[PDB]
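The structure under discussion appears below in the form of structure tokens.
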Amino acid sequence: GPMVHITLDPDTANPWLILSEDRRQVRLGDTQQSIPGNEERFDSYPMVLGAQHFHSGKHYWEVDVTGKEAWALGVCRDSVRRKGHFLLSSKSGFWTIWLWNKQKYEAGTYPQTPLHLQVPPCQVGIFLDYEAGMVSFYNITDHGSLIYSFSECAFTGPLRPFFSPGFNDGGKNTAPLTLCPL
Ligand SMILES: C[C@@H](O)c1ccc2c(c1)N(CCCN(C)C)c1ccccc1S2
């Protein structure tokens, strides 16, 4: 079925991230880790990919975001740029939504789309339909209501799950993103 056990890919993880031993949780650290500058690693924001690659088909996973003031979630092309600054944009191979400033939910269209959520999500579901060209986000706290769906996505090659537990801010947003057991 579509549900997939996601694990995080340590080789992609920005040095400001701390991954759990089981690679099912990620949080912001208070200082940068000393780790390699390999080509796969995101170097400018606290971002990490799932290890799994999606070439086709339907895939679903859930993430716990309880109480965090910021986070970003979704899917991206494996071929996205890893080094440097960029726009988390569905014009650049990212299909993402995010929260920042405790209450500002946005979809990563270009320009960005403000999202009005009646029930702040504590868990988010991400449904990828490769052949349908869609990435859809569901509010598990609100009986699975639709947060946002990207459609007409140009998918070529493998996609990857995408995560950020926040940006660097001073160490306030310290709780992890946790991949829910399915
Ligand atoms: C504009 C778009 O390209 C972009 C790129 C990288 C990131 C974000 C947005 N934001 C939202 C803006 C935050 N900023 C004002 C300090 C994030 C939200 C949650 C976790 C990480 C991030 S990093």
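Backbone-built Cβ (ideal geometry, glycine too); neighbour counts: all protein chains shown. Read the figures in this text as sums done on the coordinates, not as results from a lab.
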What does a probe at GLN123 reach in segment 80-112, counting residues whose amide N is under 17 Å from the point 7 Å along Cα→Cβ? none
Which residues in segment 141-182 have a backbone N closer than 13 Å to a point placed 7 Å from the Cα of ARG81 along the Cα-to-Cβ line? none
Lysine pairs in the chain with alpha-carbon atoms under 21 Å apart, 8 or more places apart or on different chains: how many are there? 6
Fewest-first ranking of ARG24, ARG160, using other Cβ atoms within 10 Å as the exposure measure: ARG24, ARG160
Residues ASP142, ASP9, sorted so that the one with the fewest Cβ neighbours within 10 Å comes first: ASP142, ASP9
Set the Förster distance to 35 Å, then compute FRET efficiency between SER149 and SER34 from the Cβ-Cβ distance, nearest 0.05. 0.30
Would you order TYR45, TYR110 from fewest to most other beta-carbon atoms within 10 Å of each residue's own beta-carbon? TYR110, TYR45
For a Förster distance of 30 Å, can you work out the FRET efficiency between the beta-carbons of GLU69 and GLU131, rounded to the nearest 0.05? 0.25
